[PDB]
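Asker: Residue numbers (PDB author numbering), protein chains in the order written: chain 4, 312 to 469, 501 to 622; chain 2, 580 to 676; chain 7, 5 to 30, 59 to 156, 191 to 385, 409 to 730; chain 5, 260 to 303, 321 to 337, 350 to 527, 540 to 578, 587 to 694, 706 to 775; chain 3, 325 to 329, 338 to 583, 589 to 594, 618 to 690, 696 to 739. Would you mind keeping the following structure in view while I ask a few things?
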DNA sequence: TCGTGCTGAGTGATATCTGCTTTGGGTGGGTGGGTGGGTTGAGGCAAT
DNA sequence: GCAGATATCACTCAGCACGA
Ligand SMILES: Nc1ncnc2c1ncn2[C@@H]1O[C@H](COP(=O)(O)OP(=O)(O)OP(=O)(O)O)[C@@H](O)[C@H]1O
Ligand SMILES: Nc1ncnc2c1ncn2[C@@H]1O[C@H](COP(=O)(O)OP(=O)(O)OP(=O)(O)O)[C@@H](O)[C@H]1O
Ligand SMILES: Nc1ncnc2c1ncn2[C@@H]1O[C@H](COP(=O)(O)OP(=O)(O)OP(=O)(O)O)[C@@H](O)[C@H]1O
Ligand SMILES: Nc1ncnc2c1ncn2[C@@H]1O[C@H](COP(=O)(O)OP(=O)(O)O)[C@@H](O)[C@H]1O
Ligand SMILES: [Mg+2]
Ligand SMILES: [Mg+2]
Ligand SMILES: [Mg+2]
Ligand SMILES: [Mg+2]
Ligand SMILES: [Zn+2]
Ligand SMILES: [Zn+2]
């Protein structure tokens, strides 16, 4: 379903959504089983929580001691679970006429906590729940408009021995260099040396950990300068697709600070933080 | 300008020139100061008073202090041939003062 | 509470309404059939047309059995007649004819169990709104109906936010304006359902205000006779919800008095009308103008001032082919036939964008129009740029502060670096429209290459490291700053554009204005005939209508042709000849049009454009030979002269 | 608290006060007062806010003084004594002294039923090299005038002068707060260092003096304020931002230049030494208090007007000035800049009325006419006068030819090529560069240190 | 209650009066010189200003093309040539006008620009001077003090006649159909004849080309003219607020609510208007048939709201011939043809005729010739 | 062997009572309203 | 007029000792 097609009819039903993660709150402890201790006889009992309500006892459950209202909650002995709140923004494609994309809040508990990072495309299955909002802190009064959110039950972020036996077969091929150089950029024609140079950058040198000095890194830097119409930008895009991480920065569209890192402040936490530039 | 924790009414602090009234205001690396800061000292050099207008606290403060300034000539060295005008970037008024 | 004797009777009006729904006949009775459809779950919205009420009233009066004026009663107080109509529909509802599912009906199992329990207890219910699954809306009284039957229509008469005063509160009126804000659909609760953990009985509470107080203790007769203190707990699976949207409507520029600022009126949408209003739209919305009484302590401190709103009820929306479709790019302009052909090719956007294992080839035919002031460039630019469904006319400086490509600005309020797109992005999936192409700054001078080569803008500045998607073809023009062009001097000697930029353009045109008696005579005569009769002097051809030409352009852009080996041979031979020719022309320093593979791809693109205009699928030798003429006549006549 | 009693390095302390019934509207800001009242405390750990409940106000601010002033006006050398009292401690600069006297007295107001009311106030411009006592003159003008504001152009900003739109913190509503000119309404504003003041503030002042009603009526409010004031401007030498237009707005322009005469130098040295080692007030000078009360009386009582014969004589004087330039333009091809402007003509008037008001003369006679003529001639005509365009044409052509399109050369390099070579003077460099840049044919980069061509 | 502290409904005989004046075959001079009668000389400017005030028919083609039908005028000249006086007079006689000076137009901006609150960030589109003059006139002042932002905005505004705002999440289009009159001093403080007007002003050809007619005026010194100006300016100073001792300290009844047409001669005000009918002859004592401003406003109102002239062949032959002669014989651009037709229709509106005739085309051509070549 | 009238004890429901704001800040708004108040200054970064 | 925290009073129940 689309984020703009959820109606009241579809409340309390299992739906499937896809979107982009925008922001996630830190871990929130959610109580599961409460712990009570009698102030008089030092008797301890555990009571369950139903619908966010503690089934507190009126008086001590022991027979000899029955002092009413003498039970107290020991905060640090109650069982707890994990809770987290995420904000999901619909994919840019779904936007009908170029407006601000809508967002829907999600809740994930236990294992699914810290499963999706900020700025990732995920597909989430959960229950489309509804819940009241209290008009003010100090009253049971409720607003007539209900808040909508999704109770997530599954999240999907959108080597075998057989493969290893297969991979080891290619390495035996005598013309492996040509095969890989021809497969890295199928479309580009008669640039075998350029392709070979590009390929060796993906593999990279060898890493060395080195005390009594500094680390030595096997990273290769390549410059492709030549006449305009030749396939330079095409190879740039082709390699940009293959690599797992990379930023397609251009000329005059990037800044000195923008490449390295930007100093900023976090509004939510009100602390000085720094972002990661294109190079970082 | 600060905010008084008791009356919650904005008060006004003292500046470097004010703190050195009836004394001396020493400035080092004078030539390196920006134009606006170098204008801020023009008033104290001759008018002997600093005027302030912030947060509706318009008033005039007393600043009667002598100023000793140290600087190096523009270009890093004093060319004895050329006059003092080109040697230092300070404008004619302040030099006269 | 002193009482007044108002001249309105509700029993008689209810009887009239009941008779209306069972007797009116615009096939059996119209509204009986409409209700029959609802009982089968095929319709979830009944719209009562006040024109039908007026017709029924006049028919009854003609027979001599005059009755009360129901139409005037509905408009004067509309919030009450919704309940009357709903009650009448419930009373006269028919039994279903098509077999219903009845399987996953929570409020059928609940009601069946509630009936069984009540019968068993009594032998030894639920609010009417809960069972309702239809929405009742009122259609205003159209002006034609009012004038037909000699009456005045107050509801349909459009008004403005300025004219909606306190006197109109509680009436059915129409408002004309532009929507400026819409909200996400949210569920507004209408009937809450609780469950007692002791009785097994359900308690239903009606909510008809902005706020409500939840129930705590059970009120069932079981909890009363036994006096058990059972606790009620809310259950959203059995409650009733209605989609809710809040919007804003603002006055048009034609309704604000001089020296006054536009006003805004809130609109509430409930039921099925939700999602019928979108931002930036001119509508005629009919609804009930009601207040929103405050609740709690806010009522005492708020005062007598009342916050009002509009309850939407109805929404009305204010809505040789080559030579012929070329001479019709701007019939008013006289000369420049080949240029107009090139602009038509630009409009078609002729390409069959090819994506294989990742390679992307741009499918946009960029074109530039250089020359001297006086030749019809800007007029051509605005005409060609209005023809397309989507276009953006801007100067070389850019769209206001943000320049063409994009720029990151510090937020005035949040102090957060926010990227705002420029003119190019606003033309995505369209033709951007640039005049004074010379006046670009360095940033755009360098960043326009990205868009022209790869349809995307990439920025990696302080806080933003994203890429803007801009698949827009570019049309540009420039003129000497002071006087006329000097053909003897190099093209770069009169304008500031760098040599590299002009190379990327698929077609480059140098337009010249050489004074001459004969030419100016005909130019003046043509502009003159246009100024006299607003049509072309020559009668040899009839200019094609605008809407029909736009339809043809859309149909052509739908098609996707392909090439073949036979035409491929011709294209490759022509490219070989072009490459060989440039081997000698390299001496001239202004030969930025030197043939490169980009020229081959441009030839292919133009050929596909011509094929698209023919609406065919297979490109023939004719299209390629014509396209090669437009690349030739665009350099030869504009490099040799 | 009084400035004198403030201990060194500390700050003035404030105290809130309250008055009721017939003690209200008895003082205005900036007036020294003596208060008799109850020192009480009102609740706003366990502290209270002190305040004072006023019971009596006695501020330092009849017919006998009228008789004394009338007798003073009967003196046969009133003009000379008044010009002597203006800056008794500054030697020379007699013309500036007389101009400052005229500014202090001002000109009679003019109002027409149609709606076009002419200005009556007088503004003066002092533009000389450092070490000339311009600031001392401005200080004395500020002190002597009953209402005056001394403001440093660079110290303040657009908010300081004219007016600025702000927001009331307590009520959070946009309101308008006046600047120096607003606080100087009905008085004199002495602006110092006209050069360092920013261009936007200079144009704001231009408008304020043009209409004397600072028009800031927008941004939540539509209120306007009156700024009827006289502006005395002291500016450092130009050695154009100081364009001749703003000078033309000024009624009077003065270029102070001490001549290197041994007698003059010794005289000034003796005067300053007498100052350091140091009061006729017996028929040749009057203290600040008497002069201030004099100014108040003359500004509030007498508003004299010129005479028909004087009017015709002044018209003939302007005719003779135009004929004087006609004589001056012995050149055949070269064109004279300006003989006079109509604004300058209006400037010539309203100073004669100042002299008439000085002597309480109901009608200005020919004496005032000749005095005003001499004063204006000694200040503006010579200063304005204190070929080139054709040279600028050649300079512009050479600059355009030298630089192709897109090629940038350092401004210092161009100065070396032309200014140092002496083919074109520096005053012809900035003018031509501004003319070219304003037309977009050239661009200034690196604060004008690099010149980049941007088209034909 | 509240007591307060545009258009004049024409009566039956006012239309008869306007027709009576229209029939007189000299009315163009009368109307031209009735406006700003005090000013000496610059008669062609007054003629062109009236022609601008009455504008020309605006054509809307079926293709959506919009041929501009509003004249524009730019004044450039040495100091003290009554530029501000002409601006004031057009402001007083024009139905709509906003004198938003180009130098830091505090108050109402020259063009629309959205604004936000400092703390609440309340976005709102604040209309500028150009937008607030739809179907009217805008009298810019000191056109030479404009900043690059204003120049770029004005270029688009005039070229397109409409403003489309696409900023701060606000997308809207606001009409700006109007006429622009502006004054601009030279760059060196004085007009140089040896240089072109495009050199004495420092705006790019893009801005100057939009102005249909450009006028260059210089301050010339003539003894008799000097005496006349001096005496006229002097008169006001001795003129007084009658009511209190001459020359001393100077200080609605209801809310609900043929000297009328012509004007009696006044030496104090008109002055040069007599010289106008005298054809530059001071000795000439031809009292002119000037018309009061209140009725002139009615005349312009009636002409602008009732007459829609249509081009005619007789005027069109001469239009084509004059344009060809200008272009091919003593840079003139094809846009000057639009000027000829626009002014021909505007003048035909003065003659209260629904068809443009040869006289209108010829007089418009002569005015354009003066506006181009001295 | 046992039955019942008197008593102290403790909840349940109900009586008065205080409180009904509260708060600094722009993901709380401006159809909640200014008699409920909010009055910086240095440092970093894009534009040029 | 409305919700929440708080304290007041009145009514009814299980134990107790004696008398039947
Ligand atoms: N062939 C033609 N047919 C009709 N009108 C023409 C023709 N050639 C020129 N014109 C007229 O020339 C005038 C020139 O003004 P226009 O708005 O076109 O400026 P431009 O010089 O093309 O613009 P820019 O240089 O700013 O890009 C227009 O009125 C146009 O009507
Ligand atoms: N004739 C004079 N008599 C006395 N002092 C004089 C005279 N001429 C100049 N001065 C000098 O004027 C000084 C005060 O004025 P100041 O020189 O600051 O004015 P200024 O030239 O406007 O200053 P600056 O140009 O440096 O801003 C005194 O220190 C003083 O001795
Ligand atoms: N033809 C004229 N007839 C009468 N008075 C004239 C004439 N030309 C100019 N003047 C006089 O010129 C005086 C100056 O007018 P104004 O201040 O408007 O000049 P301006 O040239 O527009 O000014 P600026 O140079 O400051 O832009 C006016 O008082 C007017 O009396
Ligand atoms: N050897 C080649 N193989 C494949 N395509 C080529 C080759 N040479 C040129 N091209 C084509 O020419 C175009 C060159 O554009 P581009 O790669 O953007 O050049 P650059 O990035 O160097 O400016 C490409 O779109 C590509 O399709
Ligand atoms: Mg590339
Ligand atoms: Mg153009
Ligand atoms: Mg000084
Ligand atoms: Mg002027
Ligand atoms: Zn216990
Ligand atoms: Zn129950």
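Just so you know, even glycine gets a beta-carbon here, dropped at the ideal spot from N, CA and C.
Beta-carbon within less than 7 angstroms of residue 401 (chain 3)'s beta-carbon, same chain only, minus the 5 sequence neighbours each way: which residues are those?
Answerer: Closer than 7 angstroms at the Cβ level, and outside the excluded window around residue 401 (chain 3), lie 387, 388, 389, 390, 391 and 707.
Asker: Since residue 700 (chain 3) meets chain 7, which of its residues come closer than 8 angstroms, beta carbon to beta carbon?
Answerer: The contacting residues are 463.
Asker: Mind listing which residues have their beta carbon within less than 6 angstroms of any non-hydrogen atom of ligand 8? Chain order is fine.
Answerer: For ligand 8, the selected residues are 415 (chain 3) and 416 (chain 3).
Asker: Looking only at its own chain, which residues have a Cβ that is under 6 angstroms from the Cβ of residue 390 (chain 4), when we skip the five neighbours before and after it?
Answerer: If we look at residue 390 (chain 4) and ignore the five residues flanking it on each side, its Cβ neighbours are 343 and 344.
Asker: Residue 437 (chain 5) CB to nearest chain 7 CB: under 7 angstroms?
Answerer: Judged by the 7 angstroms Cβ criterion, residue 437 (chain 5) is not in contact with chain 7.
Asker: Does any residue of chain 5 bring its CB to less than 7 angstroms from the CB of residue 569 (chain 7)?
Answerer: Chain 5 contact via Cβ: present.
Asker: Please list, in chain order, the residues of the segment 573-588 of chain 7 that have any C-beta partner in chain 3 closer than 8 angstroms.
Answerer: Listed in sequence order: 573.
Asker: Does chain 7 have any CB closer than 7 angstroms to the CB of residue 484 (chain 3)?
Answerer: So yes, residue 484 (chain 3) belongs to the interface.
Asker: Please list, in chain order, the chain 2 residues whose beta carbon lies closer than 9 angstroms to that of residue 444 (chain 5).
Answerer: Within 9 angstroms Cβ-Cβ: 630 and 632.
Asker: Can you pull the chain 5 residues whose beta carbon is under 7 angstroms from the beta carbon of residue 566 (chain 3), in chain order?
Answerer: Going along chain 5 in sequence order, the residues near residue 566 (chain 3) (Cβ under 7 angstroms) are 619 and 623.
Asker: Could you give the first and the last residue of the continuous beta strand (DSSP E) run that contains residue 269 (chain 7)?
Answerer: Its beta strand (DSSP E) spans residues 268-272.
Asker: Look at the alpha carbon of residue 457 (chain 7) and the alpha carbon of residue 588 (chain 7), and state the distance between them as a whole number of angstroms.
Answerer: Each residue's alpha carbon lies about 13 angstroms from the other.
Asker: Note down, in chain order, every chain 3 residue with its Cβ under 9 angstroms from the Cβ of residue 645 (chain 5).
Answerer: The contacting residues are 521 and 522.
Asker: Look up residue 621 (chain 3) in the DSSP assignment and say whether it is helix, strand or coil.
Answerer: In this structure, residue 621 (chain 3) counts as coil in the three-state DSSP scheme.
Asker: Should residue 574 (chain 4) be counted as a contact of ligand 5 given a C-beta to heavy atom distance under 6 angstroms?
Answerer: The answer is yes for residue 574 (chain 4).
Asker: Between which two residues does the beta strand (DSSP E) harbouring residue 74 (chain 7) extend?
Answerer: Residue 74 (chain 7) -> no beta strand (DSSP E), and no H or E assigned at all.
Asker: Residue ranges of each beta strand (DSSP E) run of no fewer than 3 residues wholly in the segment 632-667 of chain 2, ordered along the chain?
Answerer: The segment 632-667 of chain 2 contains these whole beta strand (DSSP E) runs: 638-641 and 645-649.
Asker: Quick check on residue 403 (chain 4): does DSSP put it in helix, strand or coil?
Answerer: Three-state result, residue 403 (chain 4): helix.
Asker: Would you check whether ligand 7 has a heavy atom nearer than 6 angstroms to the C-beta of residue 377 (chain 5)?
Answerer: No.
Asker: What residue does the alpha helix (DSSP H) around residue 656 (chain 7) start on, and which one ends it?
Answerer: 654-674 is the span of the alpha helix (DSSP H), which, as asked, contains residue 656 (chain 7).
Asker: Step through the CB atoms of chain 4 and report whether any lies within less than 7 angstroms of the CB of residue 266 (chain 7).
Answerer: It does not; no Cβ of chain 4 falls within 7 angstroms.
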